[PDB]
Each structure stands twice: as C-alpha cells, then as structure tokens.
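Protein chains in written order, with PDB author numbering: chain C, 6 to 335; chain D, 23 to 353; chain E, 1 to 119, 133 to 354; chain B, 4 to 323; chain G, -1 to 255; chain F, 1 to 256. Reviewing the structure listed below.
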Amino acid sequence: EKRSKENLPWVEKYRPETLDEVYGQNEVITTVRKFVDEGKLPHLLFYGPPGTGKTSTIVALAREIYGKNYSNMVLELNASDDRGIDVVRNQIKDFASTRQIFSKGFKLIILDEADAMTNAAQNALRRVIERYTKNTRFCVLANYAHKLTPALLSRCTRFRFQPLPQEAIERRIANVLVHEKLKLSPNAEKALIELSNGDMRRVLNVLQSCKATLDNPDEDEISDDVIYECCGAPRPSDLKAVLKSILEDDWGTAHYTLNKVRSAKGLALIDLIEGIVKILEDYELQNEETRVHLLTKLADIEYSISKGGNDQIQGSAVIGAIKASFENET
Amino acid sequence: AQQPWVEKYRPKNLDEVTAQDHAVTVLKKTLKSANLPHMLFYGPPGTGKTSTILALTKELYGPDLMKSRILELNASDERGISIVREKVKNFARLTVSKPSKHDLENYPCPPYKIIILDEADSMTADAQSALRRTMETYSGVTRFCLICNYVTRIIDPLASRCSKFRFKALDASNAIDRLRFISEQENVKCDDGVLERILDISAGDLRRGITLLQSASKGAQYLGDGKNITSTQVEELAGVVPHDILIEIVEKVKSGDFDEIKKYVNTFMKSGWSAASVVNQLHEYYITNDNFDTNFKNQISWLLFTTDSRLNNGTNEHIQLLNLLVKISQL
Amino acid sequence: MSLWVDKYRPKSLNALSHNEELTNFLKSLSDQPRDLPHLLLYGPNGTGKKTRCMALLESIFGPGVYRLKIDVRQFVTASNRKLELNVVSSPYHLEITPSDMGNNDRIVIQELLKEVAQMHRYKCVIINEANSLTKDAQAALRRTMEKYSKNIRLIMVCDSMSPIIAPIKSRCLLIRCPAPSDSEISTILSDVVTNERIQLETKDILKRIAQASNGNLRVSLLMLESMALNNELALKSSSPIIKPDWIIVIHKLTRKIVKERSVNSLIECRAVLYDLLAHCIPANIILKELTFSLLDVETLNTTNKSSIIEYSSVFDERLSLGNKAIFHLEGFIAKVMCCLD
Amino acid sequence: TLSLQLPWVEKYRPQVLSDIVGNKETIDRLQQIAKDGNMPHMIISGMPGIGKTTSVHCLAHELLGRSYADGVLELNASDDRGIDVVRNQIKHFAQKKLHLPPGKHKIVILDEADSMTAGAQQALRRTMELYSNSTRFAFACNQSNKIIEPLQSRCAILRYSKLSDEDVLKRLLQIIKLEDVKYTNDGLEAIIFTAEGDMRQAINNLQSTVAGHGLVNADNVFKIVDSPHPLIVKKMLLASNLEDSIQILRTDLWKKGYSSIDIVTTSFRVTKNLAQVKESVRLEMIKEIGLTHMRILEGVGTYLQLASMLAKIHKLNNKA
Amino acid sequence: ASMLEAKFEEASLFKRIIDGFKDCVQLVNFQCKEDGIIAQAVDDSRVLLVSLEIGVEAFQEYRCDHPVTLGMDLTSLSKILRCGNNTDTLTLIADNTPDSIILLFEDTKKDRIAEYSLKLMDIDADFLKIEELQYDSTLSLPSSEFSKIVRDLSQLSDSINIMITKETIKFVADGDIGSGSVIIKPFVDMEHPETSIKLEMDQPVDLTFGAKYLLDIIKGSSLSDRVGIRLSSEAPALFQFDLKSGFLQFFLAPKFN
Amino acid sequence: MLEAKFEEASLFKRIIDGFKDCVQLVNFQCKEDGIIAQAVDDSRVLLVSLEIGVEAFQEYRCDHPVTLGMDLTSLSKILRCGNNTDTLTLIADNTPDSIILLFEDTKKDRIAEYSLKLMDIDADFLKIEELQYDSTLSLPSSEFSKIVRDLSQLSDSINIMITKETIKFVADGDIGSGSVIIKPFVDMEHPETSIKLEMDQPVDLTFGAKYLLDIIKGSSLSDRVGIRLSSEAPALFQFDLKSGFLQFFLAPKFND
DNA sequence: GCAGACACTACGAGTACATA
DNA sequence: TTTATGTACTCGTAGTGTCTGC
Ligand SMILES: Nc1ncnc2c1ncn2[C@@H]1O[C@H](COP(=O)(O)OP(=O)(O)OP(O)(O)=S)[C@@H](O)[C@H]1O
Ligand SMILES: Nc1ncnc2c1ncn2[C@@H]1O[C@H](COP(=O)(O)OP(=O)(O)OP(O)(O)=S)[C@@H](O)[C@H]1O
Ligand SMILES: Nc1ncnc2c1ncn2[C@@H]1O[C@H](COP(=O)(O)OP(=O)(O)OP(O)(O)=S)[C@@H](O)[C@H]1O
Ligand SMILES: Nc1ncnc2c1ncn2[C@@H]1O[C@H](COP(=O)(O)OP(=O)(O)O)[C@@H](O)[C@H]1O
Ligand SMILES: [Mg+2]
Ligand SMILES: [Mg+2]
Ligand SMILES: [Mg+2]
C-alpha cells in the first residue's frame, strides 16, 4: 500500500481487526471464541453469502490465535493463486508436515474462496486433512456448497453466516459516522438498510459515495433523498405511485405515469420491477393463479431485461402483465 | 477534420460528461481526495462510461503518467483465467510509477494505479473468481474499474466489492444540450424539433444521435442549397418506417385475411426495413391509442414483448414479423 | 466474365441504375471522405450491397480497388488446431470474411485487425457475412474499431442485422439497401439482353423472371442466363421458369408433409433433410423456405397456417440458439404434421 | 500460541475390528479373514463416513502389527499416483522379499482409488496377477464405477451401506461414556437426524455441541448446526399451497443465507430422488427446474426466479 | 546524484548470491541502509526462511543515506543478471521512492557499458527480528562434504534425519529402495583448517528435514567452503554460509514427530 | 561427376551446425568455382546462403554442375563419425540417386562409407538486389551471440540502433528494460577482439529474437562477424570463412 | 584445460475428462 | 470424430549442468 490509511476505500478501511468488531454473527463468533479459549479448534467451514464477514472473521481469529505476525504463520490460499493438485501435493503437504518456524503452535491453512477448486484437488485435500489433523487445521471459506465434494463437507465443521440483521448494520453505520464525523437521518438509515440486502460492503460503498455527494461533507446531513439520488434506487413513493396507476387507471394514464417516473430521475426498469415485486409479496391476493401469472411473467420480463432490449416494450409488458394477472382477481 | 464526430467530440474533461451527474460529481470530489474505490460502470451503450473513465484518468494523472499507471484490457485480447491471473496480479503487485516534479506540481497524482477492465461482462466466471481476491488484497496500491453493460454477467462477489455507478440512458431532455453544442460548433442548420427527434429515435444513445447528425449534415452539404434539415430527412437516415407504411400495416392486420398479410409482409420485408424498428413503431402506435380496450392492449404488450425478445436472439425477421402480425390480427 | 451476373456489374456510383436515393447518399458520403465513419449496409439478399461498397471505395480511393489479389494468412488457435484462411487483399483496402470456423472467427478479428491497425490516410476493411459472427468477434471488434479509428475504417456488409449486437450497431452508421421493384429488375435484364444477343418476342418473360427472383438481382440474372442457354439463346413466351434443385426438393418435401402425415413419412422427411443439410444448405434458410412453402398450400385453413407460423418462429429461435441443425428441423416437421393431421 | 486437543473423530478412531459398528456381516467376514490370514484383493465402497478406510487400516494392523511399517504401502490421492510413480514403486514393493508368518502377505492399500488414471489400473492388473503370492491389494473408493472392469474381476467386492440410527446411536453413547459429558435424548436424536448415517458428521456435531454449549440438547444442536437443506427443499416442493412453498423458500432459505444456485441444485437432486409422486410429474418438474437452473447460471440469480420456478411447480401439480 | 549507489568489485559475486536462493523463494525485500544490504524471504510453503546480509565491506564503494525497501522477483533478477561477464562490475543504482533499480554493468574497457532496469514490486511482509537463541548442537563442516552427503541421501528417501549425540554427527535416510547412514566424527586437521569437522555438544538432538529443501540449501553451498549447521529441538535449523562480509542463513523447519 | 574432399572432417559439420535451425533443408548447387546452397524458411523471413571455395579442399573435382536436395539431420548423423584425423570425401555420379560419403584415416586402415538419399523441394526462388548498406559493423562472434541471447532472456524482440561511434542494442521486455552500448576500438595486441564501425547514415531497425538466435547458432564459423545495417531496408548478417562467407537475409519488423 | 558423457530440469505436443 | 476452456497426464525432446578422462 501507500500513504497508510485514509487513501483506501471504506470497504477496506473498515475491515475488522478483532473478533469483537465482527457484528451480526453472534453465535458463530461466540462458538469460535469458545473453541480457541478451550484449546480445541476443529476443521472449520465458513458458509454464507458475500459480504457477511467470513474472511474478516478468519483473519481476526488467526490474529487472535497468533498475533500481529499471523501472515507468516498462516498459509492462506485463494482462487487468485493457482491451486491445482500439484499445489496440494507440494505446498499444502509441506506446510502441514513441517513444524512452526516462528512459534510453537499449530499450523492454520485458510482455503479462501475454495468453491473454485477442482475436484481432484479436494480429493487430495481429504487425505491431507485426515493425515495431518494432529498439528494442522484447515479453514474453508465458500459461497456455494454445491461446488464442494461431499467428503470435504463431511470432514469440516460447517458454520453458516446469516445475512447481516438490522442491529449489526446500524452499529457499523454508527461507528463509520462517528469516525468520519458524518451525519445521517433515520429515514436515510432505513433506506440504507433496505439497500443493504444483507451486504455490509454495499452499505459502506453507498456511505462513501453519499459523503462524496454532499457539497460540504461537514454540517450537512445525509437524507434519504441523497441516498436515493446517489444509488439511483426508486423511492418507495415512486413505486407506490406506479403500482397505483397500473392497478387503478387505464393504459394511457399508467403508461404516462411509468414514463414520467422513469424519465424524472433516470430510474432503471429492473429496479422498478424488483420494488414492485417486493410490494406485491405483501398483497393478500384472493386467487392462486394471480401469483403464478405475476411471478412467471415478471421472471420472463426480468430475464429479457438482463439479456437487453427495448425499454419501452419491456415497460409496457410489465404494465400488461400486472394488469392481466390482477384481472384474474375478480 | 480527420476523425468522425463521435471521436472528435469525446469529452476531454469531466465537465463535458452530460446527463450523468451523480457519478461525475462523486469522481470529481474523489479527485481532490484519494479514496477512489473499485468502480463498476454499467448502463446502456453510448451513455459515456469509457469517456468518463478516460477523463477521470486524464486529470487524475495527466498525459505523462497515464501510460505508466493504467492497464486497460478488452475483449480484443484473450482474457482466460491464466492471463487474468498472471498479468493482472503482476501489474497490481508492482509498485506505482514515480511522478515527476511537473506532474506533482500540476496534477493531483494519487498513490495508486487503475486497472481498467472494459467489457468485463464477456469474461469467464472463473476469471472473475480469480479476480476477486486480487482485487481485495492489493486495494491500497491498485484500483479496478470494471466497465460492462450487462450487470448479471458479473458475479455477485465482484458486485459486492465494486462500487456500482449506473449510467442513465440519455433521454431527449438530458442530452439535448450536448447535441445543441455540437450543432453550434459544426454549423448545422436544423429545425426546432430535429434534435429532439434525433434523440427520440436513439434509445439512450448519444453516439447514434451524433452519427445521425453527421449524416444529416453531410447530406445538407452535398445538396449545397443551404436549407435547414427537417425531421423527415433524419427519419429516413435513421431507417424508421414512414407512418403511411405503418398505417398500411395496421389496415392489413385489422381485416384478418392471412394471405393478404403474408403477401404484404413479403413486400415489406423485401423493402429492407429492420424488424426491431417496425416492432417498436407498432408498439408506440397500439399502446398509445385510445381506440383499443384494456384486454387488447394487455395481450398485444405481451405479443410485442415476445416478438422483441425473439428478435434479440438473431432469428429470421420475416418469420417473426409475420407471426407477430398474425397473432395481432387474431386478437 | 463468362457468367452474365458478373459481366455487367457496375464499377462506379454513376454506373448504378438501381437505387437513386441510396446512390445519392453514397455520393454525399464520398463527397467528404476524410470524416467517413464506420458503415453497415443491411438489406435483403442479392440486391447489390457489395456492389455499392466497391463503388463507394472506388469513389473514395480510385480505380485499383478492383485490381485485387488473394493472400493466405496462417492463424493458430488454442492447442495446435491449425487453421488456413486467405484474405482477398487489394491496394487501398482489405476484405475479410467469417468463413473461418464459427467458433474460431474471433482470432482472425483479433490478430489480423491488430496487425493491419499498425500504421487517404486510412485503410478500409470489408466484412462480408457480418451477421454470421458469434458474439465474441463482435465483442473484440467493438474496442478494435473504437480505439483504432484514424487509420482503419470498416464497411460491415450483412443482411438481417438482428444477430449484430447492440454496441456494434451503435458505433456503425447503418445504411439500408432496399430491393428494386419489378420495373428496375426488368430494365437491368433488358440492358443485359441488348448488350448480349438473345431472341425475345414479348418482354412478359422478363417480368416473369423478375417475379420469380423475388427482388434478387443475382437470382434473376442467373435465371435469365440459364433460360437463354436452355432455349438456345431464343427466349420464348411460355419458357419454363427454372428453379434451383433445392427449391424442387423442398417443394416435394412440403407436398409429402401435406399429403401423408405418418411416422414413416417423418423418417422419409428425415432422410430428405439429411441430404439437404449434407449438400451445403443452411438450416435457417431451409426452415424459412419450408414455412413459406407450407403457407402457400391452398388446402390449409387459417388455423393451421397460424399454428405453422407460430411453430416456425419458435423453432427459428431454437435454430438460432442451437447447433444440431437437424434436431430442430425434425422437431418442426413433427409438430407441423401433428398440427395438420 | 497454544496447542490444540485431538479431535474426537481421530481420538476415537477404532483400532480393532470389534469397535467398528455398522455392517455386521462385512465386519464378521473381515474378522474371519483376520483369523485365516489369506486376505484376497478387495474393493471397499460406500458413501463417505461409514468406516471404509478405518476398517482397512484395522485389518492391516491386526494382520501384521509387527510389520505394518515394513510390509504395508499406503499410497493415496495425496501422494503422487500416475503411471510410472505407481508402476515402479508397486513393482518394487511386490517383488521385495520380506519374511511374513505363513498366513500373512504384504498389503498395498490404494485409499481413494476412484481418482486413479486408467493406464495405472491397466498396469495394476498385471501387477496383481503376477505378484498375488507375495502381496495383496486393498482398494477403498467412494464410487466403485471408476475402477475398470478387470480390476473388479480380480478382486473381492465388499459393499458398505449407510449405518442405521441404532449403530450410530450405540457409538455415540460409547463415546459419551468415554468422554463423560452430559446430554439429553432429544439432543442425541437431533444429532442422529443431522448426521444422516455419517458417523464422522455425528462426531463433529457432537463435539461442536459439547465445546460450544456443554449440554447436548435439541436447542443447542439446532443452534450450532441447521437442519439439512435437502429436507427443507423437499418439503418446499411437496407443499400444497403456492403461498406455503413461497414462504418456506423465503424464510428458510433466502433469509438463512442460502445461495440461489445451491437451492436450484438441491431441488434438482431432491426431484431426482423424490419417490411419492408420479414419474412423469418428476420429469416435468426436472425440465422446468433445469430451465430455471440455466437462467440462474446465465447470471439472473434472484428471488423472483425461484418464486417463478415454484409457481410453475404448482401449475404443474394442480393439473392446469 | 541518485540516492543508492552500491558498487560491486566483480559482477559474479552478486550473481552467485542470487543463484544460491533464487529457486527456493521468488519474492524478496532488500533492506538497503548504511550498514549494508540485508534481505529476508519466506518460502511459498512457509518452510524455508532465507536471511541474506551483505555488509559494507563486500562493496567497492557503497552509500545509502536513507533506508529503502527493495521488492524484487528473484526469477527476473536472475534472468537479468546473466547479461554480464566475470570481469564486469556491477552498480545497484536507486532513487528515492523508486520504481526500479539500474543494474548498471561496467568493465575495465570504458566502451563496454550495459544498463538494465527491473521494476520494483510492493511486498507487505512484516519483517521478523530473529533472536537466534541458544542452539543445542553447533557444528561446522565443509560445504562439499555436506552437499555430497545430502545428494547421496536424497536419492534414498524424501526425508533426511540428523542425529547429533555423544560428539558424533549422523545422517540417516530411511527409504523404499533401502536405508543409508553417513556417520562423520568431529576430527580436527592441523594440516588444513577448512576440512576439520567442528562440533559443540550441549544436548543431543533428533531432527528430520525434507530432501528438496536440503537440496535447495546445498545449491547455495558454492558461496562458502564451510557451512555451520546449528540445530535445536524447539527452534528451526540454521545453515549459515559465511561470506566475505556478511552471511547467508537458511532457516529450515523440521517435520512433525 | 563430383569428387570433393575436405582437408579435415570438422569443417562441413561445423558449417551445418549454423544451418540446422535457420532452415530444415537446402538445395545444393555445386559448381567447379565453388559450392552454394540457398533455401527459405517456412515463414519466408530468414534466408541463408553458403559459399565454399576450392582452396578449402585438398582435391576438388566438379566436371558438371550438381544439384543436391538434401536434409540436415541425417547428414549430421552421418558426420557424427568424423574423427579428428579422418578426412571427408564427397562422391557423386551422373543423376545421383544418393551422394556417396567416404572416410579415410592415415593412422588406421579402417574405412567408413555412408550414403544419403536426395529429397525434392521444387522451389528455387532466388533473387539478390541490395548490395549497398548505410551502416557496417564488425563484432566478435562470441560477444555478439552472448549479447543477443542475454537480450533475448529479457524480451521477445531486440532493437538495434546505430549512432556515431555508439553500437547500441536496446532490449525492452515485460519485466523491465535493457540498454547495451559498445564502442568501436582497435588494439594491436588482440586483433581478434577488435571492433570497428564505419557509418554513412543512421539506421534504426527492430528484429525478432528467434531469427537472431538462428543466426548466432553458427557462432563457430568466424572469429569476427561483420553485420552491416541499412535504413528502411533488410539487413545482412555475414559470417566470414577462409574460402568464402555465409550470409543471413533478415527483414525488419515493419520499420517506420 | 577441453571435449565428451552423463543425468538432470524444463518446455512442448498430444490425449482425455468434465456429476456425483 | 463434431463439440471449446481448463485441468491433469504422459511422453519426447532440448538445453543445462556436472563428473571422467588426458
Ligand atoms: N459482521 C461484520 N461486521 C463488520 N464489518 C463487516 C461484517 N461483515 C462484513 N463486514 C465488512 O465487509 C467488508 C468485506 O467483507 P469481508 O468479510 O472482507 O468478505 P466476505 O464477508 O468474506 O465476503 P466474501 O465471501 O469474501 S465475497 C469488511 O471489510 C467489513 O468492513
Ligand atoms: N454523457 C455524455 N456526455 C457527452 N458525450 C457523451 C456522453 N455519453 C456518450 N457521449 C458520446 O458518445 C461517444 C462515446 O461513447 P462512449 O463513451 O464509448 O459510450 P460507452 O459508455 O463506451 O458505451 P459502450 O462502450 O458502447 S457499452 C462520443 O461521441 C461522446 O461524445
Ligand atoms: N462404523 C463405524 N464405527 C465407528 N467409527 C466409525 C464408523 N464409521 C466411521 N467412523 C468414524 O468416522 C471417522 C472417520 O471415518 P472414515 O472411515 O475415515 O471415513 P471413510 O469411511 O473413509 O469415508 P471416506 O470415503 O474415506 S470420506 C472416525 O472418527 C471413525 O471412528
Ligand atoms: N445498378 C446495377 N446495374 C446492374 N446490375 C446491378 C446493379 N446493382 C446490382 N447489380 C447486380 O447485383 C449483383 C451483385 O449483387 P450482390 O453484391 O451479390 O448483392 P448482396 O451483396 O446484397 O448479396 C451483380 O451481379 C450485379 O449484376
Ligand atoms: Mg473473503
Ligand atoms: Mg466502452
Ligand atoms: Mg477414508
């Protein structure tokens, strides 16, 4: 790096350095702290969605076990480096077989993003794990468990990282605002919670971009308007207005309202579709067929949007799908 | 000059990037600071992602350090997991180039370099998985700017690491100032609604509007009469179907008679029109009318959506157009 | 040359009597050749797009565009799967085709264009069959033409530009080439028959030739030459209009489908389709001609025709999304037979 | 840095053939081979965690404890196995002259042999054919279909089945008395249910419960480890109302941090292994689930795709 | 003018230094200060740690007014060091906050000049101050004898065990084709002070090392005629090749029991 | 009709060591005045020529011109039996189906007779146009081979630029850059290592590394190698010999 | 000291597999 | 057999170094 901190993104500037700074996964942190305090650390497997604090947790755990110089005491392998079966046969075998060069403790092997590892490498890793388990522990971080062999899943204790709740995001946001002397309105906080979707990294990126959005970073408070303008997300009022126009008015009014809402602030159609879907899941639909029609048609529309095409045709298709599905109600 | 108006009028600064204000102000404020994050530029084609990143690089470093502190990769060179591993890691794990006294005195050179990965949607997911921890580890010395137009082709972890900046489609209200400025600079005489019609024809694409303006200007000079360009000329250049032919399409469809529709579609397709424009014009005719009830529009919106999604995947325009017109005819 | 279709091909913009507005547009583009952007000519097949491209090159560069030769360039893909491709080069321009392997058309677009982009001041590259690219050569070509533009320019010739991706259509000036009417085809054929020596009684046979070609200069010219050769250079009023052997086989297949709708009929159709695909005939054109031959049968009502065109669209999508061409054609024929019976 | 205690998986690994539980007939056959000593070439197969390699090691130890170091060659996937590094080493070991008791032979244990190269197996064929008088082979693989036909011809096939709840329960109680830890019957049945026949998984979960809470009860067990997602997916696919399946999906998979691709693959596996419903219904469900799988793989991984897949499942189930 | 100017009497010395440990490790930081050029590098398997040190005496003329870290690839440095002769001289030139260093080659002839620049690289490895605690067995033997013993015993097994008991050095390698044992007594030669085996006895040891790491260590045995091996039951082994002004220390981690 | 006898066996093998990788096989054209053999590589980039005079032969007889299309691997396999005292002898007849190689030794009565079949090429595209070169420099063969292989260890291309009294070789790869400068100098003590450069116009040319390796593989032919350069023109790599010279025709890499 | 004579590592070409 | 990347394996060859010998 260069120029120390303050030149880093807030994703990397606020990486936890202690296991007490990892919010959300209270059960996982307490269990691993009990594991390291009692002197029994099994072969861990951290599973969960991105941004939930897996590599941060394992880095803080290794730092707690060893100290500041954990980087030289731990063999960390990731999909960035080559991880063929030659690597498993030489580097992992030598690191597991040999004694510690800097201390008198056990060896820790961190297989970061190990879901991108070949089948034969995992097959060798099974025997490597079983053979040298007396003085070497393996930690496997993965986002998808279907890419791991069943025997590797059997050999490793599974810890699931649940998406970050309300309290954890609020606490981290409060810490960041305290550090940066930044202000933020509570409704903006709820908007950021909604935009998080269990991802702390999205929260940090949006906070950085919104601090850059304000004309003066001091003595101006972040509002929900700033969050929605910087992120480009549709406001709940806009989604409610679009849905009301579609569900209550004729085609001309609905089309005009959707076009006006999209062109007022440059709203994306996929964001509107996601918001409309989230609103419609709370509806008390009378028929079992309205849900089927809505879900299938909107999935087809969002797939076509992902493949790209004409936005006007897709918007009219959204309006028509919603109206036709709700025509089955009565 | 010696270059097309698209390349001639590329935004040299960040002040010249119109429409998109949120991302431009974020980058402008980050210019003074050094908190540039890993960015993910996305949006429709022609919205100005490459121009924005080029300008941001231009006044981050200057004309001198730009070559040394930038690695730009495209689909023009192979980007398998081997190259995306070794070349990207080798560039990132280097130290940043040393600026001169002149560069420090004039430009605010940051202590990091930028690895611009344009057209990142075409990369293999294995290459992106390799890119993940390289992006995370060397953040203090290098920055990554993924430029794509299809977000779903980028895996979830990279979307998590990379700050996302959506580029708005350039509507006729956002991009009217840029085309007005270009017309004033190039001495293009046009009517009141000609620029608005040009922006309406394009679907959030200022580049296509600039090309249409260039073609209209070229025709105007070739005629040599010095007359103002009308909307009909830029409509003929854009390839949109005239309204009388669309009226004939509607009249043929309304009366049924499969054979008549088939023959007229054969003639219309040998006329050489692009089926996507025909479907768009049929949509904007049928949906915006007041002579059709709610059920007809509900069905025709899905019919046009299916036809457009089919036309996007190659296919034969004749068969798709005939099927769409026949399905509309039986509504 | 020996064939009349290549004997009277125009060599200049002023030598074209095919589309007045299109020729005026090309003259406007050639009036200021320095700022000429990347073009993309699209339209129905056989109308004279490449004739327009060569005439525009002659108007921009000069005579010598048609003094062109062929050189072979060696390209190596992954492993040692050696591929031989020959470029039809010339002074003042280059010509390339996706005629290489469809999954290996990216390497030519990468290496050849990076080589010719090394250094009036630019060279023009013509890409025929541009609709046959496989979404990766186009992806490379996006930045290949956006970055290198002051020294290389593109004239991208294609028909039915839907497979062309959105960014390529964004950075290409689209030019539309319509097919002529019956009068223009008849005029060109009359010019041919008066430049050569053909005995003709009533020009209605030329009108019939224009009708048969369906707005196709190449097909009409070859049909005229073939009918003159068969009639010993003396065209008759009731001269039988020729059809390609493929068209006759497709019509026989359509008659078989209409007449008998059993499963032995299906295996006979499979054999016919296997022969047709084995004899260098594209699958999408096969499906289009089969569809429009089925819709020309008068014994079907409107419901069968609508179902036929719907299944034709669905299996055209499938053909565009698949590689085993016989599978989708067999499925389409089975579905049509199930619908009709 | 503090040292770590031995895990319960390896601390309580059986050392004799009587401590291993499960397939009583196979273990009795192994003990009779133990008594006789004329051990034939054997292939041991089954799903992971049911006592495959520990039985081989116990058999070798009891057969020749004094010469385990000398006349046992334990090659495996961690070791480099190829054509030459296998043929040379195994030929040298098989031709090696070592003096055993009259009923004993050298044992070449090819643990994890399903990943071996075919040419290596071809050389192994003649190795076993020539040197069967001195050395004997003992394969152990998860999937026995990878081993070529002639090797399975020149071997004694020993198939291992997943343990019933009774055997895993017996081993769990034995280890509990050995470790002297408090427990509740509900927690033990929860551990057995979570293990699904895998003894190693049961031991790992029991040790995690003991070291994280201290009391093996249902609440602690379900706190540390969740119910398996195949079961929740199976009850999501078999639910009656579409709303029930939608809410099960959302709450128990989406809010639990389960990837959409994992949910789709699990649904495919369950529908393939599902049994109560008719075959054609399963085929239609697999077809539409695979369409959704293609959509997920192309990049469109959202909640809406899973909801649409469930809606299509219900539109198929209610018979239009 | 340039900040760092480290001249070499002969260009062959630094090539020999690099080739001694160019294969075991490929990332290295050269810590240039007034005292000398020192470098610590850790193997990719985190088994073999190399602690290079070149004093100010080994340089013809040396000046480093400010400390600077030099992140280098040993593969690239080795392949760029081949561009020289034995008579040629070397001068490591660096500026402040450098992008690269200039491998400026010279000669007796002023016509022969060759300039090479290899870009520096960013390494965040925190640098460990080794205490070098008391070793149970401290022994010195000629490098040729140690290299021969290691090469002969590497063909037998993958692990070489070194037992130092009752003032007797013993190397054993139990393998598949057979087992071998080389026993050398600590004799002293008054005839030659370089072939004498020296051994200091405090406590007996029993340490097993890998064969490939021992081969990598003995590949750097051309730098000194004698290698001083110090062993300990709780510390990594030390293989010090003393240079004219500094030393080349190899720290090897023994296998677990 | 051809009776060629070398003074010593270790001459023609030493010549063809350079020929090994520059071109797979050549079409010999043996005349009474001398022996020549020219061929073109696969990519038509590097061309090589050979010229051996009669003075290098103890007894050279050539009644009629003889065309020999022969490979090099089998020929070198034959020549591997060349003792330090054994003498080469090339024997051919009318319409040679196979060249006759015979060996004679003085200290021993043993005789070695070998024959090699003659292949076909059917491509004798020959043309010589350029004779005048703007720049001309002479370097030792060992020094030139060392410098070019050292630069090839750093980059896949080598840049050779000439200025007044500064023979400069520039190499720039991906790991870094390398600049080498050697100046002309004449010394009486060691004329073999003397370096001279006479120049008319500056020359800037970039060449490929593999072709330079092919050129330098014949480093044992001459103690000093005279490479002369031309601006915006292909350069010639000439190797001296007692009774002739060998030259390498290499085109530039699109100089501009 | 120099030329082989050797065994060694490294590079290149080719084949085969890819869900249980 | 086609299939289009990436991995792993196997083999063969070319350099690359070191040990014997005169
Ligand atoms: N529980 C948490 N408490 C505090 N910060 C968190 C937490 N989880 C994530 N973060 C933040 O998220 C940033 C990046 O997440 P990481 O934990 O480093 O990566 P990850 O969570 O393992 O996601 P993947 O699977 O690697 S893409 C960290 O630098 C933290 O700032
Ligand atoms: N926001 C903008 N302001 C001004 N000109 C713009 C803007 N966006 C696009 N342009 C024009 O569009 C051309 C450059 O387009 P690009 O910046 O390459 O678009 P893009 O983001 O690269 O879209 P792609 O690369 O095809 S996905 C120039 O003619 C610019 O003048
Ligand atoms: N039948 C059994 N009786 C007792 N312990 C068992 C039994 N099966 C498995 N275990 C325990 O499971 C752990 C390891 O079992 P292994 O036999 O090594 O698994 P495995 O049968 O080899 O399956 P794979 O395919 O190798 S992963 C040890 O702690 C054993 O004690
Ligand atoms: N103005 C014209 N006069 C005479 N013939 C023409 C004219 N325009 C086109 N043609 C005919 O068209 C043929 C070429 O068409 P072609 O380039 O194959 O069309 P496409 O490129 O659309 O397939 C030529 O043989 C030529 O005879
Ligand atoms: Mg992580
Ligand atoms: Mg771009
Ligand atoms: Mg096992």
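Ideal placement from N, C-alpha and C gives every residue a C-beta, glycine not left out.
Whole-Å CB distance - residue i paired with residue j, under 8 Å assumed
i: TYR244 (chain D); j: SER17 (chain E); result: Incorrect: roughly 20 Å between the Cβ atoms, too far for contact.
i: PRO233 (chain B); j: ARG272 (chain B); result: 7 Å
i: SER48 (chain B); j: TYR163 (chain B); result: 6 Å
i: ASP117 (chain C); j: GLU81 (chain C); result: 6 Å
N- and C-terminal bounds of the alpha helix (DSSP H) containing residue i
i: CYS62 (chain G); result: Premise fails: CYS62 (chain G) lies in the beta strand (DSSP E), 57 to 62, not in any alpha helix (DSSP H).
Those residues which DSSP pairs with residue i across a bridge
i: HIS93 (chain E); result: E:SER90, E:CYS137
i: residue 378 (chain E); result: The shown model of chain E, from 1 to 354, leaves out residue 378 (chain E), and the question about it has no answer.
i: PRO59 (chain D); result: Answer is none; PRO59 (chain D) lacks a bridge partner.
i: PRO184 (chain G); result: Answer by DSSP bridge pairing: none, since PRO184 (chain G) is not bridged.
i: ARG224 (chain G); result: G:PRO140
i: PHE237 (chain G); result: G:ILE227, G:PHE248
i: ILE167 (chain F); result: F:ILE162, F:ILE182
i: residue 331 (chain F); result: An answer regarding residue 331 (chain F) cannot be provided, because it is not within the stretch 1 to 256 covered by chain F.
Run of the beta strand (DSSP E) containing residue i, from where it starts to where it stops
i: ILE283 (chain D); result: Note, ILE283 (chain D): premise wrong, no beta strand (DSSP E); alpha helix (DSSP H) at 280 to 292.
i: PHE28 (chain F); result: 26 to 30
i: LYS186 (chain D); result: 185 to 188
At least three beta-carbon pairs within less than 8 Å, the stretch 4 to 16 of chain E to the stretch 56 to 64 of chain E: yes
Any alpha helix (DSSP H) of 4 or more consecutive residues that is wholly inside the stretch 58 to 83 of chain B: none
Inside the stretch 147 to 234 of chain C only - alpha helix (DSSP H) runs reaching at least 4 residues: 155 to 160, 171 to 185, 191 to 201, 205 to 218
Segment contact, 8 Å Cβ cut-off, at least three pairs: the stretch 191 to 210 of chain C with the stretch 163 to 183 of chain C: yes
Segment contact flag, the stretch 207 to 225 of chain G with the stretch 138 to 157 of chain G, C-beta cutoff 8 Å, min 3 pairs: yes
Any 3 or more C-beta pairs closer than 8 Å across the stretch 20 to 39 of chain B and the stretch 135 to 149 of chain C: no
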